[PDB]
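Have a look at model.cif; it's mmCIF, C-alpha atoms:
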```cif
data_query
#
loop_
_atom_site.label_atom_id
_atom_site.label_comp_id
_atom_site.auth_asym_id
_atom_site.auth_seq_id
_atom_site.Cartn_x
_atom_site.Cartn_y
_atom_site.Cartn_z
CA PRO A 309 -26.14 13.72 27.76
CA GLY A 310 -23.00 15.67 26.90
CA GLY A 311 -19.93 13.75 25.80
CA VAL A 312 -16.16 14.17 25.95
CA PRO A 313 -15.08 17.84 25.91
CA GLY A 314 -12.39 19.50 23.87
CA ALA A 315 -10.16 17.55 21.51
CA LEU A 316 -12.05 14.31 20.87
CA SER A 317 -15.43 15.94 20.18
CA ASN A 318 -13.87 18.65 17.98
CA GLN A 319 -12.38 16.26 15.41
CA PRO A 320 -14.22 15.11 12.27
CA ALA A 321 -15.14 11.46 12.77
CA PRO A 322 -17.67 9.30 10.92
CA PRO A 323 -20.93 8.69 12.80
CA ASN A 324 -21.48 5.30 14.40
CA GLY B 311 -31.83 36.71 13.62
CA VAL B 312 -28.82 38.73 14.74
CA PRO B 313 -26.10 36.64 16.44
CA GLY B 314 -26.65 37.11 20.15
CA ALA B 315 -30.44 37.64 20.08
CA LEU B 316 -33.10 35.67 21.99
CA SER B 317 -35.26 32.95 20.45
CA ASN B 318 -37.69 30.34 21.81
CA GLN B 319 -36.24 27.57 19.63
CA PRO B 320 -33.05 25.48 20.20
CA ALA B 321 -30.50 25.62 17.39
CA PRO B 322 -30.34 22.58 15.08
CA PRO B 323 -27.56 20.05 15.72
CA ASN B 324 -24.13 20.92 14.36
CA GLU B 325 -23.26 18.07 12.02
CA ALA B 326 -20.19 18.15 9.77
CA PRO B 327 -19.95 15.11 7.50
CA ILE B 328 -16.72 14.04 5.85
CA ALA B 329 -18.37 12.73 2.65
CA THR B 330 -21.53 13.67 0.79
CA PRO B 331 -24.46 11.42 1.85
CA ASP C 2 -12.50 29.68 22.11
CA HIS C 3 -13.05 26.93 19.54
CA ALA C 4 -10.74 28.49 16.94
CA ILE C 5 -7.92 26.91 18.97
CA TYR C 6 -9.35 23.53 17.94
CA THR C 7 -9.66 24.13 14.19
CA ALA C 8 -5.95 24.88 13.83
CA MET C 9 -5.21 22.05 16.26
CA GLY C 10 -6.99 19.63 13.96
CA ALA C 11 -4.85 20.71 11.03
CA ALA C 12 -1.69 20.27 13.08
CA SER C 13 -2.81 16.83 14.22
CA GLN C 14 -3.73 15.73 10.71
CA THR C 15 -0.39 17.07 9.52
CA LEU C 16 1.26 14.45 11.73
CA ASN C 17 -1.00 11.85 10.12
CA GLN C 18 0.29 12.78 6.67
CA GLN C 19 3.85 12.57 7.98
CA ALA C 20 3.18 9.03 9.19
CA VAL C 21 1.87 8.05 5.75
CA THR C 22 4.93 9.59 4.11
CA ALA C 23 7.21 7.72 6.49
CA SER C 24 5.31 4.52 5.73
CA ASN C 25 6.17 5.14 2.08
CA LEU C 26 9.84 5.90 2.66
CA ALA C 27 10.35 2.91 4.94
CA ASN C 28 9.29 0.79 1.93
CA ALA C 29 11.72 2.35 -0.57
CA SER C 30 13.31 -1.07 -1.20
CA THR C 31 10.20 -3.24 -0.82
CA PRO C 32 9.56 -5.25 -4.01
CA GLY C 33 6.20 -4.59 -5.63
CA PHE C 34 5.18 -1.87 -3.18
CA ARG C 35 2.47 0.64 -4.12
CA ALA C 36 2.95 3.97 -2.37
CA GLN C 37 -0.16 5.31 -0.65
CA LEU C 38 -1.30 8.77 -1.72
CA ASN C 39 -2.40 11.25 0.94
CA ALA C 40 -4.94 14.06 0.60
CA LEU C 41 -6.43 16.52 3.07
CA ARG C 42 -10.15 17.16 2.63
CA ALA C 43 -11.94 20.13 4.17
CA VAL C 44 -15.17 19.57 6.11
CA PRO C 45 -17.34 22.62 6.94
CA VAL C 46 -19.46 22.69 10.07
CA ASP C 47 -23.13 23.08 9.16
CA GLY C 48 -25.33 25.14 11.46
CA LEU C 49 -26.30 28.62 12.55
CA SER C 50 -25.28 31.21 11.88
CA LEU C 51 -22.04 32.33 10.21
CA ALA C 52 -20.21 29.39 8.62
CA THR C 53 -16.66 30.34 9.58
CA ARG C 54 -15.30 27.06 10.95
CA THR C 55 -13.97 24.54 8.41
CA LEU C 56 -11.80 21.69 9.68
CA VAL C 57 -9.45 19.35 7.83
CA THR C 58 -9.22 15.57 7.78
CA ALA C 59 -6.57 13.44 6.09
CA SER C 60 -7.42 10.53 3.81
CA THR C 61 -5.63 8.07 1.54
CA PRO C 62 -7.24 7.89 -1.92
CA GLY C 63 -5.77 4.52 -2.81
CA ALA C 64 -2.21 4.04 -4.02
CA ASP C 65 0.07 5.31 -6.79
CA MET C 66 -0.02 2.75 -9.59
CA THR C 67 2.83 3.81 -11.86
CA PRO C 68 5.12 0.76 -12.22
CA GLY C 69 8.55 1.15 -10.67
CA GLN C 70 12.00 0.62 -12.12
CA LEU C 71 12.69 -3.06 -12.70
CA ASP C 72 15.45 -5.03 -10.97
CA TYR C 73 17.21 -7.58 -13.18
CA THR C 74 17.95 -10.51 -10.87
CA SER C 75 18.97 -13.67 -12.72
CA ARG C 76 16.29 -15.84 -11.09
CA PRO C 77 13.71 -17.52 -13.35
CA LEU C 78 11.02 -17.42 -10.64
CA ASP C 79 11.22 -13.61 -10.44
CA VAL C 80 8.51 -11.98 -12.55
CA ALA C 81 7.62 -8.43 -13.55
CA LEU C 82 4.20 -7.59 -14.95
CA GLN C 83 3.00 -5.40 -17.77
CA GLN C 84 1.47 -2.14 -16.57
CA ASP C 85 -1.86 -2.68 -14.77
CA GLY C 86 -1.34 -6.40 -14.18
CA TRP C 87 -1.77 -8.38 -10.98
CA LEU C 88 -0.85 -11.83 -9.73
CA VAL C 89 -3.62 -13.65 -7.89
CA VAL C 90 -2.59 -15.20 -4.57
CA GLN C 91 -4.71 -16.87 -1.91
CA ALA C 92 -4.83 -14.52 1.07
CA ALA C 93 -4.82 -15.50 4.74
CA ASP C 94 -8.62 -15.84 4.96
CA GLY C 95 -9.00 -18.32 2.11
CA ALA C 96 -9.89 -15.55 -0.35
CA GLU C 97 -8.30 -14.12 -3.47
CA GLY C 98 -5.99 -11.10 -3.51
CA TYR C 99 -3.83 -9.22 -5.96
CA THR C 100 -0.14 -8.39 -5.58
CA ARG C 101 2.75 -7.06 -7.65
CA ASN C 102 5.60 -8.71 -5.73
CA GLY C 103 6.79 -11.30 -8.22
CA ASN C 104 9.37 -12.96 -5.97
CA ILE C 105 8.01 -16.51 -6.13
CA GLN C 106 9.50 -19.15 -3.85
CA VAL C 107 9.18 -22.94 -4.03
CA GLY C 108 8.20 -24.79 -0.87
CA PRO C 109 9.71 -28.08 0.27
CA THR C 110 6.75 -30.02 -1.15
CA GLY C 111 6.51 -27.96 -4.35
CA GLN C 112 3.90 -25.31 -3.52
CA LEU C 113 4.46 -21.94 -5.18
CA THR C 114 4.14 -19.19 -2.56
CA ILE C 115 4.67 -15.43 -2.76
CA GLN C 116 5.49 -14.02 0.71
CA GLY C 117 3.94 -17.17 2.16
CA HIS C 118 0.74 -16.75 0.13
CA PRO C 119 0.17 -19.74 -2.18
CA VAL C 120 -0.07 -18.51 -5.76
CA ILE C 121 -3.28 -19.38 -7.61
CA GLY C 122 -3.33 -20.42 -11.26
CA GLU C 123 -6.15 -21.36 -13.59
CA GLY C 124 -6.85 -24.53 -11.60
CA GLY C 125 -6.16 -23.12 -8.13
CA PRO C 126 -2.93 -23.24 -6.13
CA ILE C 127 -0.02 -24.68 -8.09
CA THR C 128 1.70 -27.98 -7.25
CA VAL C 129 5.21 -28.15 -8.72
CA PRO C 130 6.99 -31.51 -9.17
CA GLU C 131 9.19 -31.52 -6.03
CA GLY C 132 12.60 -30.11 -7.11
CA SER C 133 12.52 -28.61 -10.60
CA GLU C 134 14.11 -25.83 -12.71
CA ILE C 135 10.97 -23.68 -13.17
CA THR C 136 10.86 -21.51 -16.30
CA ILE C 137 8.02 -19.01 -16.79
CA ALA C 138 7.14 -17.94 -20.33
CA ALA C 139 6.03 -14.49 -21.50
CA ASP C 140 2.35 -15.19 -20.71
CA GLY C 141 2.77 -17.25 -17.54
CA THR C 142 3.33 -20.78 -18.87
CA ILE C 143 5.30 -22.79 -16.31
CA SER C 144 7.78 -25.44 -17.49
CA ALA C 145 9.36 -27.81 -14.96
CA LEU C 146 12.59 -29.73 -15.58
CA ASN C 147 13.38 -32.58 -13.20
CA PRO C 148 17.07 -33.01 -12.29
CA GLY C 149 18.92 -35.96 -13.82
CA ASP C 150 16.38 -36.57 -16.57
CA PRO C 151 17.05 -35.41 -20.20
CA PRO C 152 16.17 -31.84 -21.40
CA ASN C 153 13.76 -32.90 -24.21
CA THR C 154 11.26 -32.92 -21.28
CA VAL C 155 10.76 -29.33 -19.92
CA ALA C 156 7.07 -30.44 -19.80
CA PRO C 157 4.66 -27.54 -19.03
CA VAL C 158 2.85 -27.57 -15.70
CA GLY C 159 0.34 -24.73 -15.61
CA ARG C 160 -0.29 -21.06 -16.17
CA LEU C 161 -0.46 -18.15 -13.73
CA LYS C 162 -3.65 -16.14 -13.26
CA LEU C 163 -2.81 -12.62 -14.41
CA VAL C 164 -5.53 -10.02 -13.87
CA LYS C 165 -6.08 -6.62 -15.50
CA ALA C 166 -7.50 -4.00 -13.13
CA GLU C 167 -6.77 -0.27 -13.05
CA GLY C 168 -5.94 1.68 -9.91
CA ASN C 169 -9.39 3.22 -9.55
CA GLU C 170 -11.07 -0.19 -9.18
CA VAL C 171 -8.82 -1.61 -6.44
CA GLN C 172 -8.44 -0.90 -2.71
CA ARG C 173 -5.74 -2.06 -0.32
CA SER C 174 -6.48 -4.38 2.59
CA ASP C 175 -4.87 -4.26 6.01
CA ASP C 176 -2.54 -7.16 5.12
CA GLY C 177 -0.99 -5.20 2.24
CA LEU C 178 -2.77 -7.27 -0.42
CA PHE C 179 -4.96 -5.39 -2.89
CA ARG C 180 -8.57 -6.40 -3.62
CA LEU C 181 -11.47 -5.19 -5.74
CA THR C 182 -13.71 -2.37 -4.59
CA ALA C 183 -17.42 -2.89 -3.98
CA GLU C 184 -18.41 -1.03 -7.16
CA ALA C 185 -15.83 -2.92 -9.21
CA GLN C 186 -16.99 -6.18 -7.63
CA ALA C 187 -20.57 -5.40 -8.66
CA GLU C 188 -19.60 -4.35 -12.20
CA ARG C 189 -16.93 -6.98 -12.98
CA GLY C 190 -18.01 -9.93 -10.83
CA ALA C 191 -16.39 -11.28 -7.69
CA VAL C 192 -13.42 -13.22 -9.11
CA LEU C 193 -11.79 -11.70 -12.17
CA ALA C 194 -11.00 -13.72 -15.27
CA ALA C 195 -7.42 -14.15 -16.43
CA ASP C 196 -6.56 -11.82 -19.31
CA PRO C 197 -4.28 -13.48 -21.91
CA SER C 198 -3.21 -10.03 -23.17
CA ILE C 199 -1.02 -9.38 -20.11
CA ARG C 200 2.69 -10.00 -20.71
CA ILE C 201 4.88 -11.24 -17.84
CA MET C 202 8.68 -11.13 -17.89
CA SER C 203 10.70 -13.80 -16.08
CA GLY C 204 14.01 -12.97 -14.45
CA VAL C 205 13.18 -9.40 -13.35
CA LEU C 206 11.76 -8.11 -10.06
CA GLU C 207 9.75 -4.90 -9.77
CA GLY C 208 10.67 -2.41 -7.06
CA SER C 209 8.63 0.21 -5.25
CA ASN C 210 7.32 3.43 -6.78
CA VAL C 211 8.21 5.85 -3.96
CA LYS C 212 9.15 9.15 -5.59
CA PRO C 213 11.69 10.91 -3.33
CA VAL C 214 11.05 14.40 -4.75
CA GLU C 215 7.39 14.18 -3.76
CA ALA C 216 8.33 12.89 -0.30
CA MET C 217 10.78 15.74 0.30
CA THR C 218 8.30 18.39 -0.86
CA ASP C 219 5.60 16.81 1.32
CA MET C 220 7.88 16.94 4.37
CA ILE C 221 8.74 20.60 3.78
CA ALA C 222 5.08 21.53 3.32
CA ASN C 223 4.03 19.53 6.40
CA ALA C 224 6.66 21.21 8.59
CA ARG C 225 5.63 24.69 7.43
CA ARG C 226 1.92 23.95 7.91
CA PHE C 227 2.56 22.58 11.41
CA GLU C 228 4.46 25.73 12.38
CA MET C 229 1.65 27.94 11.04
CA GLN C 230 -0.97 26.05 13.05
CA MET C 231 1.15 26.26 16.21
CA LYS C 232 1.43 30.03 15.73
CA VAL C 233 -2.35 30.33 15.31
CA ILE C 234 -2.89 28.27 18.47
CA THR C 235 -0.54 30.54 20.43
CA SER C 236 -2.33 33.66 19.19
CA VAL C 237 -5.76 32.31 20.14
CA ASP C 238 -4.57 31.22 23.59
CA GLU C 239 -3.02 34.62 24.32
CA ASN C 240 -6.17 36.40 23.15
CA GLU C 241 -8.38 34.31 25.44
CA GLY C 242 -6.01 34.90 28.34
CA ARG C 243 -6.34 38.65 27.84
CA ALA C 244 -10.11 38.40 27.34
CA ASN C 245 -10.75 36.43 30.62
CA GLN C 246 -10.27 39.54 32.85
CA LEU C 247 -13.44 41.37 31.71
CA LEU C 248 -15.33 39.17 34.16
CA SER C 249 -13.81 41.27 36.99
CA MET C 250 -16.96 43.38 37.49
CA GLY D 53 -17.32 6.23 2.70
CA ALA D 54 -20.32 5.87 0.42
CA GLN D 55 -19.60 7.04 -3.13
CA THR D 60 -16.52 12.21 -9.63
CA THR D 61 -15.06 12.66 -6.15
CA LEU D 62 -11.98 11.15 -4.54
CA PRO D 63 -12.35 8.12 -2.17
CA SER D 64 -12.28 9.11 1.55
CA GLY D 65 -10.78 7.02 4.37
CA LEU D 66 -7.37 6.91 6.09
CA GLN D 67 -5.28 3.70 6.13
CA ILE D 68 -1.94 4.50 7.79
CA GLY D 69 0.86 2.01 7.37
CA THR D 70 3.12 0.75 10.14
CA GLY D 71 6.62 0.50 8.58
CA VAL D 72 9.00 -2.09 6.99
CA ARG D 73 10.20 -5.49 8.29
CA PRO D 74 12.61 -8.00 6.66
CA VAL D 75 10.83 -11.31 6.12
CA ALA D 76 13.43 -13.64 4.61
CA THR D 77 16.99 -13.37 3.29
CA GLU D 78 17.49 -15.74 0.35
CA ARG D 79 20.61 -17.26 -1.19
CA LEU D 80 20.79 -17.58 -4.97
CA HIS D 81 21.78 -21.20 -5.64
CA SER D 82 23.23 -20.70 -9.10
CA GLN D 83 26.37 -22.60 -10.10
CA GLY D 84 29.50 -20.49 -9.77
CA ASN D 85 32.63 -20.42 -11.88
CA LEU D 86 35.47 -22.93 -11.60
CA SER D 87 38.97 -21.98 -10.45
CA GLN D 88 41.87 -24.31 -11.20
CA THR D 89 43.96 -25.56 -8.26
CA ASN D 90 46.38 -28.24 -9.38
CA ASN D 91 46.18 -30.12 -6.07
CA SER D 92 44.52 -33.51 -6.47
CA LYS D 93 42.20 -33.17 -3.46
CA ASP D 94 39.89 -30.31 -4.52
CA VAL D 95 36.83 -31.20 -6.62
CA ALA D 96 33.98 -29.02 -7.87
CA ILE D 97 30.30 -29.99 -8.06
CA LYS D 98 28.74 -29.70 -11.52
CA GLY D 99 25.14 -28.97 -10.64
CA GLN D 100 22.69 -29.17 -7.74
CA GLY D 101 24.41 -31.04 -4.93
CA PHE D 102 26.15 -30.68 -1.58
CA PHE D 103 28.87 -32.64 0.17
CA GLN D 104 27.88 -34.28 3.44
#
```

Spit out the file's structure as structure tokens when you get a sec.
Amino acid sequence: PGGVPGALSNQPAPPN
Amino acid sequence: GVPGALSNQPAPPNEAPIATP
Amino acid sequence: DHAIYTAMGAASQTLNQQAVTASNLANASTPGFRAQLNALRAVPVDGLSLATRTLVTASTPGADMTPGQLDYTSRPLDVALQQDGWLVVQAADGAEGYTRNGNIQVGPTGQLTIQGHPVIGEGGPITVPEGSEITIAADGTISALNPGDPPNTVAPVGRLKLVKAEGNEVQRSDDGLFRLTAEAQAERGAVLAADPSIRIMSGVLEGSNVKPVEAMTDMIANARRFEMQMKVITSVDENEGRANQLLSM
Amino acid sequence: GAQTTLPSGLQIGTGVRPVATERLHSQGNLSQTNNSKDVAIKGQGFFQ
């Protein structure tokens, strides 16, 4: 189940 | 082994934490 | 193809730092403001095979807690604290909070409020005899003089709750009021005891601690870093454009 | 985050806003005008 491509998924964010 | 070879195993997930767990 | 994202991240987080810096400089005249410090931290991507990609992310490690230059306004309700001191005020959600803004106002019914937050003394929020020349001593003793009556009165009313807590043990909340951190709450209890060793001066208001030299250097560095990341992005895009012709047989 | 190292996080501010402009009600000085109709209030009071 791939997610959003590009910018949003290539930024360091804390897991939730 | 070499980048670009063929293996029967998927690579582990690419996690990059912001802080040490 | 993903090297165009790494640099992008830096550029984006650069803007974040700029915002923080602006948030500091907009509060250059705010009384009792604690400037937020900004710091980029590098996060490496863990996985096979060659660890080459390391992104950035901005963070705010608390605030700068060097007391600012004092403002001498001839108002007895204005207070300035000794270094590493905090006034305790009831926050919006019925809980305690710590502030440095010593501009205390008297309500119509005699409640002492700072920025609309009712100040809390040793017995809770303070009730001042409606209409009174309030004088605060060097340790927070409040003396109220009622108009018309003689001056041999100046009866004391209460004492402010002054709290000692260093900058490492305190975190800012979204309302601008500082609170204790979880570790400091565990190690020093939930509600801190009033320290009688903290000296409070009446008739002076403390200003912000925004250093303009640091702000200017931060802006210059941010602009240069942003330009470098834009150049890297352009190089990567041009390289991929040239590389996407190989597929032609 | 979960804690030698700096604290993580990112709490961006929003800007400045004026909340209240106050007037300092301290008694001013007295200036002498020989006319018999000017008076000056000695203390905390206002004319209606």

Could you tell me, as a list in words, exactly which residues end up selected when the PyMOL selection byres ((chain C) within 6 of (chain D)) is applied to this structure?
residues 21, 24, 27, 28, 60, 61 and 62 of chain C

Considering all atoms listed in the file, tabulate each residue of chain B that lies at most 10 Å from chain C along with its nearest interatomic pair and the corresponding distance in Å to one decimal; arrange the rows by chain and ascending residue number and present them as a Markdown table.
```
| residue | atom | partner | partner_atom | distance |
| --- | --- | --- | --- | --- |
| B:311 | CA | C:50 | CA | 8.7 |
| B:312 | CA | C:50 | CA | 8.8 |
| B:313 | CA | C:50 | CA | 7.1 |
| B:321 | CA | C:49 | CA | 7.1 |
| B:322 | CA | C:48 | CA | 6.7 |
| B:323 | CA | C:48 | CA | 7.0 |
| B:324 | CA | C:48 | CA | 5.3 |
| B:325 | CA | C:47 | CA | 5.8 |
| B:326 | CA | C:46 | CA | 4.6 |
| B:327 | CA | C:44 | CA | 6.7 |
| B:328 | CA | C:44 | CA | 5.7 |
| B:329 | CA | C:44 | CA | 8.3 |
```

For a cutoff of 9 Å around the file-coordinate point (-6.4, -20.7, -9.9), which residues qualify once you count only C-alpha atoms? I'd like the result as a PyMOL selection string.
chain C and resi 89-90+120-127+160-162

Using all atoms listed in the file, what table do you get, as JSON lines, when you list each residue of chain A with an atom no more than 12 Å from chain D, its nearest pair of atoms, and their distance in Å rounded to one decimal, rows by chain then rising number?
```
{"residue": "A:320", "atom": "CA", "partner": "D:65", "partner_atom": "CA", "distance": 11.8}
{"residue": "A:321", "atom": "CA", "partner": "D:65", "partner_atom": "CA", "distance": 10.5}
{"residue": "A:322", "atom": "CA", "partner": "D:53", "partner_atom": "CA", "distance": 8.8}
{"residue": "A:323", "atom": "CA", "partner": "D:53", "partner_atom": "CA", "distance": 11.0}
```

Evaluated on this file, the PyMOL selection byres ((chain A and resi 310-318) around 10) picks out some residues - which ones are they, written as number ranges by chain?
A: 309, 319-321; C: 3, 5-7, 9-10, 56

I want to know what sits within 9 Å of residue C:155, based on all atoms listed in the file, with residues of the same chain fewer than 6 positions away left out; could you give that as a count of residues only?
7

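The spacing separating atom CA of residue C:207 from atom CA of residue C:170 amounts to 21.4 Å.
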
Length of the atom CA of residue C:168 to atom CA of residue C:59 vector [Å]
19.9 Å

What is the atom CA of residue C:71-atom CA of residue C:211 distance in Å, reported with one decimal?
13.3 Å

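Considering only C-alpha atoms, the residue among C:196, C:220, C:54, C:32 positioned nearest to chain A is C:54.
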
Picked residues, the PyMOL selection byres ((chain C and resi 142) around 7), expected as a short mmCIF file (atom, residue, chain, number, x, y, z; two decimals) with C-alpha atoms, in the frame of the given file:
```cif
data_model
loop_
_atom_site.label_atom_id
_atom_site.label_comp_id
_atom_site.auth_asym_id
_atom_site.auth_seq_id
_atom_site.Cartn_x
_atom_site.Cartn_y
_atom_site.Cartn_z
CA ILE C 137 8.02 -19.01 -16.79
CA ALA C 138 7.14 -17.94 -20.33
CA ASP C 140 2.35 -15.19 -20.71
CA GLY C 141 2.77 -17.25 -17.54
CA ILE C 143 5.30 -22.79 -16.31
CA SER C 144 7.78 -25.44 -17.49
CA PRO C 157 4.66 -27.54 -19.03
CA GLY C 159 0.34 -24.73 -15.61
CA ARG C 160 -0.29 -21.06 -16.17
CA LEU C 161 -0.46 -18.15 -13.73
#
```

Since fewer atoms than expected are present, regenerate N, CA, C and O atoms for stretch 316-331 of chain B and write them as a compact mmCIF listing (two decimals), in the coordinates of the input.
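Generated file (result32.txt):
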```txt
# COMPACT_ATOMS: atom_id res chain seq x y z
N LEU B 316 -32.37 36.62 21.16
CA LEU B 316 -33.10 35.67 21.99
C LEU B 316 -34.20 35.03 21.16
O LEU B 316 -34.99 35.73 20.53
N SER B 317 -34.25 33.70 21.18
CA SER B 317 -35.26 32.95 20.45
C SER B 317 -35.80 31.84 21.34
O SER B 317 -35.13 31.39 22.27
N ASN B 318 -37.02 31.39 21.04
CA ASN B 318 -37.69 30.34 21.81
C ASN B 318 -37.44 28.96 21.23
O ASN B 318 -38.12 28.00 21.59
N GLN B 319 -36.48 28.87 20.30
CA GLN B 319 -36.24 27.57 19.63
C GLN B 319 -34.77 27.18 19.78
O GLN B 319 -33.90 28.05 19.55
N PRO B 320 -34.45 25.93 20.16
CA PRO B 320 -33.05 25.48 20.20
C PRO B 320 -32.47 25.41 18.80
O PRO B 320 -33.19 25.13 17.83
N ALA B 321 -31.17 25.68 18.68
CA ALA B 321 -30.50 25.62 17.39
C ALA B 321 -30.42 24.18 16.91
O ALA B 321 -30.33 23.26 17.72
N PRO B 322 -30.45 23.95 15.60
CA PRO B 322 -30.34 22.58 15.08
C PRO B 322 -28.98 21.99 15.39
O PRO B 322 -28.01 22.74 15.63
N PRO B 323 -28.85 20.67 15.41
CA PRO B 323 -27.56 20.05 15.72
C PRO B 323 -26.50 20.39 14.69
O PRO B 323 -26.77 20.56 13.50
N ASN B 324 -25.26 20.50 15.18
CA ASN B 324 -24.13 20.92 14.36
C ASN B 324 -23.41 19.68 13.83
O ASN B 324 -22.46 19.17 14.42
N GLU B 325 -23.88 19.20 12.68
CA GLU B 325 -23.26 18.07 12.02
C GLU B 325 -22.31 18.54 10.92
O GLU B 325 -22.58 19.50 10.20
N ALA B 326 -21.18 17.85 10.81
CA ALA B 326 -20.19 18.15 9.77
C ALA B 326 -19.71 16.84 9.17
O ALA B 326 -18.75 16.22 9.66
N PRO B 327 -20.35 16.38 8.10
CA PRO B 327 -19.95 15.11 7.50
C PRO B 327 -18.65 15.22 6.73
O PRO B 327 -18.26 16.30 6.26
N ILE B 328 -17.97 14.08 6.60
CA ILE B 328 -16.72 14.04 5.85
C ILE B 328 -16.97 13.78 4.37
O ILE B 328 -16.22 14.27 3.52
N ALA B 329 -18.01 13.02 4.03
CA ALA B 329 -18.37 12.73 2.65
C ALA B 329 -19.83 13.08 2.41
O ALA B 329 -20.63 13.14 3.34
N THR B 330 -20.15 13.33 1.15
CA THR B 330 -21.53 13.67 0.79
C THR B 330 -22.42 12.44 0.95
O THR B 330 -22.09 11.37 0.43
N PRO B 331 -23.55 12.55 1.66
CA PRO B 331 -24.46 11.42 1.85
C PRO B 331 -25.43 11.24 0.68
O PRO B 331 -25.87 12.24 0.11
```
